[PDB]
Amino acid sequence: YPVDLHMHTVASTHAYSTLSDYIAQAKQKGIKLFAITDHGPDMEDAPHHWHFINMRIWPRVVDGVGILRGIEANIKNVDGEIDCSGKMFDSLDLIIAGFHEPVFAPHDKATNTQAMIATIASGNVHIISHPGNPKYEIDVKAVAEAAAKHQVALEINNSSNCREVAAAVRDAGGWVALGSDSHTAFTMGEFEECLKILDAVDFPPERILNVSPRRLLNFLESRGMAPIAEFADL
Amino acid sequence: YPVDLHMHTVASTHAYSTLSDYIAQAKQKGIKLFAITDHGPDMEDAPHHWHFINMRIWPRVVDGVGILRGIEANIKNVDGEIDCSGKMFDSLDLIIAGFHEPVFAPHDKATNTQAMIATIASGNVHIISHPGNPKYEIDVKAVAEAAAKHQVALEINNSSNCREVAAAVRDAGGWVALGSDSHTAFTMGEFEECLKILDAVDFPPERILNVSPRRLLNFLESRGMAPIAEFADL
Amino acid sequence: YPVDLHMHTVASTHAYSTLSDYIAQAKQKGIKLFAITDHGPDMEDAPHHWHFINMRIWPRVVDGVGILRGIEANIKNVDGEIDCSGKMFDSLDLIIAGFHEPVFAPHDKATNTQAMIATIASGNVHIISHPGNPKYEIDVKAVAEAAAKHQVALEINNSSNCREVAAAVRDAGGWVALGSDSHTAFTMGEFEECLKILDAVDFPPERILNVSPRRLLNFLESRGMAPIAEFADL
Ligand code: NA
Ligand code: NA
Ligand code: NA
Ligand code: NA
Ligand code: NA
Ligand code: NA
Ligand code: NA
Ligand code: NA
Ligand code: NA
Ligand SMILES: [Zn+2]
Ligand SMILES: [Zn+2]
Ligand SMILES: [Zn+2]
């Protein structure tokens with residue numbers, strides 16, 4: 001899997017690598033396409049909203065490695081709103097969203113489930129991060145079914161109910177995304193533990209987004225992204 | 001033009017490169033002298049004032065590339081004051097100043113013009129950044145005339161009324177400075193678009209500061225900077 | 001001395017290098033073990049507490065260089081408390097502590113002395129940073145005696161009453177730690193000025209922690225640190 005979809009830079013002080021560190025490590029590890037997905041601005045220890053707006057200036061391909069502009073947005077409420085403005089959406093390619101205590105504290109199972117499903121149904125998000133987090137109890141099957149319906153991927157997070165999520169996605173028919181949730185570039189692309197979970201449930205390789213740069217880019221285009229010419233050859 | 005005078009680091013989250021990234025890219029692109037000019041502390045998403053005071057510890061020359069310590073200060077008011085303290089001036093070599101909405105909102109043409117001219121006449125600034133910004137209407141000729149009188153350069157900004165500024169400087173007799181306004185090191189030294197504007201007005205190469213490291217350093221010394229020995233050989 | 005124990009990253013905007021910059025410079029300068037010791041969270045221009053908690057994810061050895069997870073904590077009061085929580089202690093290997101005006105303003109000699117000695121006697125700190133700072137008058141002999149008793153090293157800081165501190169430690173029988181207090185990686189391991197102070201007092205090399213990675217690691221283990229297997233070969 002030459003694609004990693006979830007990692008963080010020094011824009012949060014609880015991460016320690018820069019854009020150039022991720023490019024260099026990708027080069028070393030055979031990763032051909034990666035996304036930087038810094039924490040959304042409503043989070044603690046998070047960057048300013050301009051951090052995301054100004055990603056529009058980034059080079060697309062450096063040293064043969066493609067770079068997606070992303071966000072790990074924060075689910076704000078039971079209506080499925082996230083901390084990403086219209087100007088921010090305009091600059092970004094990949095929208096991940098998830099639960100973080102400073103923004104959305106863990107609540108009753110139904111509150112968590114409704115918020116997650118409303119985020120999925122909003123049409124604004126591509127991947128829900130760490131849905132297996134035991135801190136946020138959810139109706140996994142209902143979430144997987146909604147994710148399949150709205151073509152939203154559920155993440156299996158290497159940084160980490162994950163077998164239950166994987167099996168639920170398998171049966172619901174949706175996509176899985178693998179993400180290292182790296183906070184240094186040293187763990188980019190490392191999915192060993194994710195893969196064991198997927199194997200414990202005989203997850204179909206055909207529904208793993210990270211199989212190839214083209215599979216992932218095709219998914220984003222199906223969700224409405226204008227094609228990125230600079231990524232043709234990936 | 002082996003000199004670039006305007007770029008930003010991770011000290012603002014809307015920039016993404018470090019000092020070491022700029023050194024490495026300079027090395028790759030044949031840039032022999034560059035200035036880091038982070039946003040002044042009154043700006044949103046800007047670093048602490050100590051970020052500028054502590055630039056006094058930087059090496060002067062790394063891998064053959066000279067490093068100027070700078071600031072893109074913010075014009076604060078119609079008296080021409082900027083967000084740079086005496087201790088900060090003491091640590092810095094290059095003072096750029098300009099209009100940014102969070103500090104000085106766009107106002108009537110006369111308010112903008114008076115503030116810009118007062119900044120020029122203060123004697124504390126070397127370059128006015130993006131004077132051609134249509135968001136801040138100014139009397140371009142009056143600004144160019146004041147800039148020539150006080151030996152302040154007007155910037156032609158590649159990141160970007162620019163032809164009008166260039167022609168005004170040509171006739172007023174002042175200097176132009178080229179700046180990439182890079183927020184990643186990938187665009188360091190890239191002035192293609194600046195050069196087209198200058199060519200559309202047959203701007204005299206003799207009044208472009210970036211022609212050589214020595215021309216730029218001679219300008220700073222004429223404005224009062226003690227000579228930097230470590231830069232002799234540039 | 002292939003060990004440097006005190007340096008800072010971009011997590012403070014008054015520092016300019018990243019973890020990867022320090023690894024690369026260590027490699028270049030023959031440093032085999034270094035500690036990142038960013039300013040504690042109560043300081044101005046300092047990172048969030050999560051910056052220290054999440055250091056638990058760092059690789060231990062990169063390109064042959066070992067990496068200690070540290071903090072330059074701030075002495076908070078005359079009871080010897082510092083701005084380091086239990087969760088933070090759990091993630092860190094090296095605890096440095098010192099006086100910084102925004103947290104603990106310079107006061108009477110007895111106030112400064114009591115706070116420093118209480119920090120030493122707390123058992124939570126390994127090194128007291130810049131005890132020779134003339135801004136904070138202390139009873140040097142009393143501090144050195146307490147440091148020897150509680151097996152706390154006093155720093156001789158290259159960034160910088162230092163001869164008096166060195167002679168006091170010599171006679172009290174404690175350890176000295178050398179630290180560059182680097183705010184860029186370009187000065188990592190540079191102790192020339194520290195060594196002159198130590199030579200002016202014929203300081204015994206046997207009580208300089210930085211002599212070898214193993215001497216330093218043995219000291220941390222004697223203070224209660226579980227052994228770091230990944231550092232066996234250093
Ligand atoms: Na978009
Ligand atoms: Na997360
Ligand atoms: Na994350
Ligand atoms: Na100056
Ligand atoms: Na600007
Ligand atoms: Na700028
Ligand atoms: Na510890
Ligand atoms: Na200090
Ligand atoms: Na320090
Ligand atoms: Zn995080
Ligand atoms: Zn900017
Ligand atoms: Zn500092």
# chains A, B, ... in the order shown; residues from 1 in each chain; ligands from 1

$ residues_near_ligand --ligand "ligand 12" --cutoff "7 Å" --atoms "only C-alpha atoms and all ligand atoms" --output "PyMOL selection string"
chain C and resi 8+14-15+39+183

$ interface_residues --of "chain B" --to "chain A" --cutoff "8 Å" --atoms "only C-alpha atoms" --output "MDAnalysis selection string"
chainID B and resid 10 13:17 21 45 183:184 186

$ residues_around --residues "residue 192 of chain C" --least-positions-apart "6" --cutoff "12 Å" --atoms "only C-alpha atoms" --output "count of residues only"
11

$ select_by_dssp --residues "segment 31-70 of chain A" --states "strand (DSSP E)" --output "PyMOL selection string"
chain A and resi 33-39+61-62+65-70

$ write_last_selection --atoms "N, CA and C atoms" --output "PDB file, in the first residue's frame"
ATOM      1  N   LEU A  33       1.966   8.441  -2.816  1.00  0.00           N
ATOM      2  CA  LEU A  33       0.939   9.486  -2.621  1.00  0.00           C
ATOM      3  C   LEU A  33       0.598   9.562  -1.144  1.00  0.00           C
ATOM      4  N   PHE A  34       0.670  10.754  -0.548  1.00  0.00           N
ATOM      5  CA  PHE A  34       0.300  10.884   0.858  1.00  0.00           C
ATOM      6  C   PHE A  34      -0.498  12.157   1.070  1.00  0.00           C
ATOM      7  N   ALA A  35      -1.268  12.177   2.156  1.00  0.00           N
ATOM      8  CA  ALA A  35      -2.045  13.353   2.523  1.00  0.00           C
ATOM      9  C   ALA A  35      -1.607  13.880   3.871  1.00  0.00           C
ATOM     10  N   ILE A  36      -1.396  15.198   3.949  1.00  0.00           N
ATOM     11  CA  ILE A  36      -1.229  15.825   5.255  1.00  0.00           C
ATOM     12  C   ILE A  36      -2.628  16.210   5.718  1.00  0.00           C
ATOM     13  N   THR A  37      -2.984  15.816   6.937  1.00  0.00           N
ATOM     14  CA  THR A  37      -4.332  16.015   7.487  1.00  0.00           C
ATOM     15  C   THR A  37      -4.195  16.582   8.893  1.00  0.00           C
ATOM     16  N   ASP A  38      -3.775  17.834   8.975  1.00  0.00           N
ATOM     17  CA  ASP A  38      -3.629  18.426  10.300  1.00  0.00           C
ATOM     18  C   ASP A  38      -4.983  18.612  11.002  1.00  0.00           C
ATOM     19  N   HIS A  39      -4.946  18.661  12.332  1.00  0.00           N
ATOM     20  CA  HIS A  39      -6.144  18.831  13.144  1.00  0.00           C
ATOM     21  C   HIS A  39      -6.889  20.129  12.842  1.00  0.00           C
ATOM     22  N   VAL A  61       3.723  17.535  -6.901  1.00  0.00           N
ATOM     23  CA  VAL A  61       4.633  16.398  -6.934  1.00  0.00           C
ATOM     24  C   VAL A  61       6.058  16.845  -6.646  1.00  0.00           C
ATOM     25  N   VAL A  62       6.688  16.216  -5.663  1.00  0.00           N
ATOM     26  CA  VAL A  62       8.081  16.516  -5.312  1.00  0.00           C
ATOM     27  C   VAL A  62       8.837  15.192  -5.242  1.00  0.00           C
ATOM     28  N   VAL A  65       6.832  12.000  -5.596  1.00  0.00           N
ATOM     29  CA  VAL A  65       5.799  11.714  -4.600  1.00  0.00           C
ATOM     30  C   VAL A  65       4.665  12.729  -4.689  1.00  0.00           C
ATOM     31  N   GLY A  66       3.428  12.250  -4.785  1.00  0.00           N
ATOM     32  CA  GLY A  66       2.298  13.166  -4.862  1.00  0.00           C
ATOM     33  C   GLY A  66       1.821  13.563  -3.472  1.00  0.00           C
ATOM     34  N   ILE A  67       1.352  14.814  -3.369  1.00  0.00           N
ATOM     35  CA  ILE A  67       0.955  15.404  -2.086  1.00  0.00           C
ATOM     36  C   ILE A  67      -0.487  15.893  -2.098  1.00  0.00           C
ATOM     37  N   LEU A  68      -1.334  15.237  -1.300  1.00  0.00           N
ATOM     38  CA  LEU A  68      -2.700  15.660  -1.114  1.00  0.00           C
ATOM     39  C   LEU A  68      -2.781  16.644   0.067  1.00  0.00           C
ATOM     40  N   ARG A  69      -3.656  17.631  -0.113  1.00  0.00           N
ATOM     41  CA  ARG A  69      -3.904  18.694   0.864  1.00  0.00           C
ATOM     42  C   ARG A  69      -5.134  18.297   1.646  1.00  0.00           C
ATOM     43  N   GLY A  70      -4.969  18.067   2.945  1.00  0.00           N
ATOM     44  CA  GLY A  70      -6.057  17.563   3.746  1.00  0.00           C
ATOM     45  C   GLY A  70      -6.253  18.168   5.110  1.00  0.00           C
TER      46      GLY A  70
END

$ residues_near_ligand --ligand "ligand 1" --cutoff "12 Å" --atoms "only C-alpha atoms and all ligand atoms" --output "MDAnalysis selection string"
chainID A and resid 52:53 55:56 68:71 84:96 123:126 220:221 223:228

$ residues_near_ligand --ligand "ligand 8" --cutoff "9 Å" --atoms "only C-alpha atoms and all ligand atoms" --output "PyMOL selection string"
chain C and resi 39+72-74+97-100+129-130+181

$ write_last_selection --atoms "N, CA, C and O atoms" --output "PDB file, in the first residue's frame"
ATOM      1  N   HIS C  39      10.931  24.206  26.152  1.00  0.00           N
ATOM      2  CA  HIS C  39      10.449  24.970  27.295  1.00  0.00           C
ATOM      3  C   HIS C  39       9.108  24.470  27.824  1.00  0.00           C
ATOM      4  O   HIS C  39       8.194  24.184  27.045  1.00  0.00           O
ATOM      5  N   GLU C  72      12.733  21.391  29.307  1.00  0.00           N
ATOM      6  CA  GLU C  72      13.362  22.394  30.163  1.00  0.00           C
ATOM      7  C   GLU C  72      12.196  22.973  30.932  1.00  0.00           C
ATOM      8  O   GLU C  72      11.564  23.938  30.521  1.00  0.00           O
ATOM      9  N   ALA C  73      11.865  22.319  32.041  1.00  0.00           N
ATOM     10  CA  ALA C  73      10.735  22.773  32.835  1.00  0.00           C
ATOM     11  C   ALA C  73      11.027  24.071  33.558  1.00  0.00           C
ATOM     12  O   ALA C  73      12.171  24.476  33.738  1.00  0.00           O
ATOM     13  N   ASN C  74       9.959  24.729  33.988  1.00  0.00           N
ATOM     14  CA  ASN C  74      10.062  25.985  34.707  1.00  0.00           C
ATOM     15  C   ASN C  74       9.779  25.833  36.182  1.00  0.00           C
ATOM     16  O   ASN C  74       8.736  25.298  36.553  1.00  0.00           O
ATOM     17  N   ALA C  97      15.272  21.669  34.785  1.00  0.00           N
ATOM     18  CA  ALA C  97      14.397  22.722  35.328  1.00  0.00           C
ATOM     19  C   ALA C  97      15.193  23.960  35.612  1.00  0.00           C
ATOM     20  O   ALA C  97      16.345  23.881  36.036  1.00  0.00           O
ATOM     21  N   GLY C  98      14.578  25.123  35.391  1.00  0.00           N
ATOM     22  CA  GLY C  98      15.273  26.364  35.671  1.00  0.00           C
ATOM     23  C   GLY C  98      14.339  27.556  35.809  1.00  0.00           C
ATOM     24  O   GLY C  98      13.121  27.451  35.641  1.00  0.00           O
ATOM     25  N   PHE C  99      14.962  28.689  36.095  1.00  0.00           N
ATOM     26  CA  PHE C  99      14.284  29.964  36.276  1.00  0.00           C
ATOM     27  C   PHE C  99      14.105  30.750  34.972  1.00  0.00           C
ATOM     28  O   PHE C  99      15.085  31.025  34.279  1.00  0.00           O
ATOM     29  N   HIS C 100      12.859  31.121  34.685  1.00  0.00           N
ATOM     30  CA  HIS C 100      12.515  31.967  33.537  1.00  0.00           C
ATOM     31  C   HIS C 100      11.530  33.014  34.015  1.00  0.00           C
ATOM     32  O   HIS C 100      10.517  32.694  34.628  1.00  0.00           O
ATOM     33  N   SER C 129      19.105  24.043  34.977  1.00  0.00           N
ATOM     34  CA  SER C 129      19.679  24.837  33.885  1.00  0.00           C
ATOM     35  C   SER C 129      20.183  26.202  34.330  1.00  0.00           C
ATOM     36  O   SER C 129      19.613  26.811  35.242  1.00  0.00           O
ATOM     37  N   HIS C 130      21.244  26.671  33.656  1.00  0.00           N
ATOM     38  CA  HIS C 130      21.920  27.965  33.903  1.00  0.00           C
ATOM     39  C   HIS C 130      21.852  28.523  35.328  1.00  0.00           C
ATOM     40  O   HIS C 130      21.341  29.623  35.555  1.00  0.00           O
ATOM     41  N   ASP C 181      22.238  24.602  24.901  1.00  0.00           N
ATOM     42  CA  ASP C 181      21.039  25.446  24.943  1.00  0.00           C
ATOM     43  C   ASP C 181      20.811  25.925  23.522  1.00  0.00           C
ATOM     44  O   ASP C 181      20.435  27.065  23.295  1.00  0.00           O
TER      45      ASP C 181
END

$ select_by_dssp --residues "chain B" --states "alpha helix (DSSP H)" --output "MDAnalysis selection string"
chainID B and resid 19:29 50:53 86:91 109:121 140:149 162:172 192:200 213:222

$ closest_residue --among "A:64, A:40, A:106, A:30" --to "ligand 3" --atoms "only C-alpha atoms and all ligand atoms"
A:40

$ closest_residue --among "A:193, A:145, A:201, A:152" --to "residue 167 of chain A" --atoms "only C-alpha atoms"
A:201
